[PDB]
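A single chain comes next, written as structure tokens; it is the form deposited without its partner chain.
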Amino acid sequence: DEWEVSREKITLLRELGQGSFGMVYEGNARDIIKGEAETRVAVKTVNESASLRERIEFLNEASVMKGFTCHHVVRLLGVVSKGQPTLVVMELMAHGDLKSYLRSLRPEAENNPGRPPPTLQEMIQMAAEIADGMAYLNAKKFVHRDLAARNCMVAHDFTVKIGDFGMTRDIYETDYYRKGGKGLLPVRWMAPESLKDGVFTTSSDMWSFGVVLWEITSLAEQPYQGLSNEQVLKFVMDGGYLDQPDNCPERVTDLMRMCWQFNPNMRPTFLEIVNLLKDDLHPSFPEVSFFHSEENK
């Protein structure tokens, strides 16, 4: 209702790439944002051949997003749910996902924009933005379960935001989500206790946040390269973790190691990350952050 957008206002322009449950498109949306006759948007759709499970998860993801208002979380703008097909309209992120962005900054990248890799200050800013959006998600009582550079998105001014919630689960009642069994899973990002007990908490998100820091400082190499998926499962459950990338600033190394404590109780919280980094950020941060907001209570 409040979210419903009239279909005639949405025009699909081109493919951005296959999302969790179907193709995402760049589009044009008329009269969706007050003050803009027409806005360039991202539009998520469901594959016609999607399984019942995927159709359910797609709709549930859109539904979860309705509850979020955070500068560091990709914004839901509207839904077209009258007639066919369902369109999920969101904030277009001008520089796409963080993994693509990082890979483009490699010296040998064919798509190098003519900029060097991120500086220490830029890395710190990314870290704080990611952590701020995650702290918001946690305060909203959801666990992300799939935090990774590929699921963070980069805006026109290079602000990083949490951007994909295909595995996100409500934890209001218990503070954890548990699910064992077989699955196509982001093994290289997962905490030892998630792999062992199938348990997902804000601490297991923190583990993945460490891996995101590793991605930032390695320009999104594959974690545990030379190990198969099954070897990563064994390695990490037995107390293994990632080595430091070449020329990694010590400050980021220090954070990574805290994120990879075997015992989840020992890892930092996302608020603690923002707090640690808070004096080293762009002056706009307190004006837009969840951390510095009245809601952070």
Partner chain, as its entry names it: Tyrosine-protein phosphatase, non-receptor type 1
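Just so we're on the same page, rigid core means the largest C-alpha set that superposes within 1.5 Å between forms. Residue numbers count along the first chain shown, from 1.
Another form, the form deposited with its partner chain bound, is not on view; read the next lines as being about it.
Contact annotation: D280 falls outside 4.5 Å of its partner chain in the deposited complex, judged by heavy atom distances. Using a 4.5 Å cutoff between non-hydrogen atoms, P116 counts as a contact of its partner chain in the deposited complex.
Among heavy atoms of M266, none comes within 4.5 Å of its partner chain in the deposited complex. Proximity of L276 to its partner chain in the deposited complex falls outside the 4.5 Å heavy atom cutoff.
Along 137-160, these residues reach a heavy atom to within 4.5 Å of its partner chain in the deposited complex: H156, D157, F158.
When the two forms are overlaid on the rigid core, CA displacement between the shown form and the other one of 2 Å or more is confined, within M65, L271, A50, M237, to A50. Annotation for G198: C-alpha shift under 2 angstroms between the shown form and the other one, rigid core superposed. Put the two forms on the same core and the Cα of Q121 is off by less than 2 Å between the shown form and the other one. With a change of no less than 3 Å, the CA-CA distance between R14 and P113 is smaller in the deposited complex than in the form shown.
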